[PDB]
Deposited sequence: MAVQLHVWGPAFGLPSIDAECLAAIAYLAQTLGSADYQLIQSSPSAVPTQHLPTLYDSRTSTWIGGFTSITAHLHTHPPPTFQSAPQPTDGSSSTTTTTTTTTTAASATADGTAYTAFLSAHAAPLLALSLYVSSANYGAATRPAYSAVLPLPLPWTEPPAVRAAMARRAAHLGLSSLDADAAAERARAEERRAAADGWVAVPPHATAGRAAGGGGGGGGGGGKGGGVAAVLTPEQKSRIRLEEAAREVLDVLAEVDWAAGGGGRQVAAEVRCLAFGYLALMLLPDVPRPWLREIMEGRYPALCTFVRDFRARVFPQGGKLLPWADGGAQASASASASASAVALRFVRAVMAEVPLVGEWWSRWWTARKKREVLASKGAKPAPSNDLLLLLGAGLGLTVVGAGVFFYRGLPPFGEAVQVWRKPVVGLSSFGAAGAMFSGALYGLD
């Protein structure tokens, strides 16, 4: 009865963001084909404004984020390391992505821009991919590196994460430390979006394929197991992949999305409108959880 809201299946993976992709993998592993809908959407089309979002029709609840989604639908060193890696992936591993594929114009605009365009409506790609690039450029801070013999720094900033994720035994029946059933999906999502894309300017693919055999094998096995031939067999919306965004397909809705996005960018009266809109949407979200704001 639940209904997800994710990105597009562009890269051959059901999303182009590790959060919603991992949510999709989790739902596919735990629920069953006859429970969810995987409605494709965009961030501006949900009250949460955070894309991976559940919608449980039993009580009409909006639940943004991935950890809050897995909060619903639910020795001790196992779960302790589970939480530890759940928090270590959401930071220092998402900014390792955004060091490529989202900030470097040499790599963003050759595979990422058409991928984003092929999942959005007609007039919207004007404004939202800029917001997402700004977001991933903010997250890629605290790293000292930007769009760029100044190459060893890349190898170092990649090892400082792949070595922590290395001695983990991310998918098997025995080894170093078995983590959990949930966070494995998150690691799959992040390592997939770190390895699988076509990436016309690759610098992570060679490092991974030539230094960490466990990561490549883990990603390939997890993709071939639960996501057959691009995950098109997943229970997408009634129509199809592109036909998924039918609940917000009216020209009026897309026009409203575009005009909000452009009005929230004017010099001076933009910040106030953005704050007011975010406040109203959060009030709506809280009212969806049976709460009572002012």
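Sequence ranges 1, 76 to 104, 179 to 236, 383 to 445 have no coordinates in this entry (deposited sequence, numbered from 1, C-alpha basis).
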